[PDB]
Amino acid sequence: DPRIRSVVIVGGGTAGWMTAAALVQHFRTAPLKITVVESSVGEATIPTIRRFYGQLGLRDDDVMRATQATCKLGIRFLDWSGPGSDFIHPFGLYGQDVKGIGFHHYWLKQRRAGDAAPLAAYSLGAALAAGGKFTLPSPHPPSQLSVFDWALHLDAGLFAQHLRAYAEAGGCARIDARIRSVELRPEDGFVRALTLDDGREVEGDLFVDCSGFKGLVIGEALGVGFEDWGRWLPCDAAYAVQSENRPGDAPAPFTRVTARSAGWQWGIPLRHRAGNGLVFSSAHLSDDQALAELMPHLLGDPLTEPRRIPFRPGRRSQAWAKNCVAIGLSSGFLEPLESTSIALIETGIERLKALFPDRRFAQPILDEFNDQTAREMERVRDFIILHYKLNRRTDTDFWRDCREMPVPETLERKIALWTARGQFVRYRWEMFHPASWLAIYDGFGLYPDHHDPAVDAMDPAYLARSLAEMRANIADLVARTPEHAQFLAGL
């Protein structure tokens, strides 16, 4: 029977144990052996992660308790447009669409006629994040204005441990062991087995490489190459360090992303601790200069000294080769500017299930998986690039260069249709939907010349009052919502 009989996941962490837990649930009562092989820090996410553990039978409160987690309503971008600049990228839409026309067009008309209200006054998500508030969104919500979503700041290590215990209870084997070698079949070149340090062999029909950046099976064993993207993205290094919260420091329901002289700093709040880091260009900063930016501005008392991490932006040339599928860092890397690492694991897993193979490993299945994965990486790359491309900082060469650097043609087309007409070019496999593009356009102050002319038919007095009603509903709803701290105290 051509049926896959066994799955061997090479590496634990988030990638390995998310994969194990997801495959355990999906194939719970089927005759499928699943085994992980591994040896004996704060992170952000997007809302997809709540659905991921949702599908496993897990609750938000239980996962949050176990992972030292806090709520994430969006990301806060500080100083990207010059000293004091400040906007929030939320999970939600702005305002209410009318007659099929997007809200932002009516907002632009009114902005043209003198009104100075920020686009963010019409997003409940963003207003809640700025107010240090949190509440669960209503399902079957009164109207479009009250729709927002939310995600987690969490300990990735704890998250990995929680999913491990979940996977093992459903019958996933675990082998604590270093791997000496990967053995290939000499007719096919397919992966036959892993050889452990003690000489045991671990055979499998399907291998998932979660070994990390090195790529032990997809790269070293099978020779799959790497598409380097350093040419598009300047930054090439990072420092990270956990901090301990100081007494009377209420963690905020957002991630802080603060632009510095030659890169940017992150701030990921957990319940009693926080993730901190600086991403930067070594060609503009020494190691001591980097620490001089990072260390005086942490969200708390450092727990250790900073570790350096090499960044190498890009993607594995094919994420699936023969009978190896690469999930997580083994399949590529983009900096955490928009919290996408775990998200790329989630999409990889959903795709593996949607295209799960048999032992013939039919070439069209690999081709489709490889094609989706490639386009999706490129669509996230382009969103990340945009942030640098539209900066308005005058203070260093790093930032001028980012503003004048060439960018992929796919992003040129997006930027060009936005400034010409206020519309969105839509490709396949976008992680980020139109409202997220809008948040970045508006955050960097780039607006179209021409809004949609059906909008100029509306009366400026009538419009002005519909908008003030929206603006007020949000402000007053925010005002009466409890603080983030109260939801955390109930965990």
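In case it trips you up, residue 1 is the first one in the sequence shown, and so on.
- According to the entry, the stretch of the deposited sequence that connects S40 to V41 contains 4 to 9 residues lacking coordinates, which leaves a gap of moderate length in the model.
- Higher mean CA temperature factor between 374 to 382 and 296 to 304: 296 to 304, per the PDB entry.
- Mean CA B-factor, 192 to 200 versus 313 to 321: the higher value falls on 192 to 200.
- In the deposited coordinates, the residue among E338, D209, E350, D395 with the greatest CA B-factor is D395.
- Note on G125, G230, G215, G95: the highest value goes to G215, judged by CA B factor as recorded.
- Ranked by C-alpha B-factor against the other modelled residues of its chain, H162 falls in the lowest third.
- Among the modelled residues of the chain, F369 sits in the lowest third by CA temperature factor in this PDB entry.
- For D176, the recorded CA B-factor ranks within the highest third of the chain. Only modelled residues enter the ranking.
- When the CA B factors of the chain's modelled residues are split into thirds, the value for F134 lands in the lowest one.
- Annotation for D149: CA B-factor lies in the lowest third of the chain's modelled residues.
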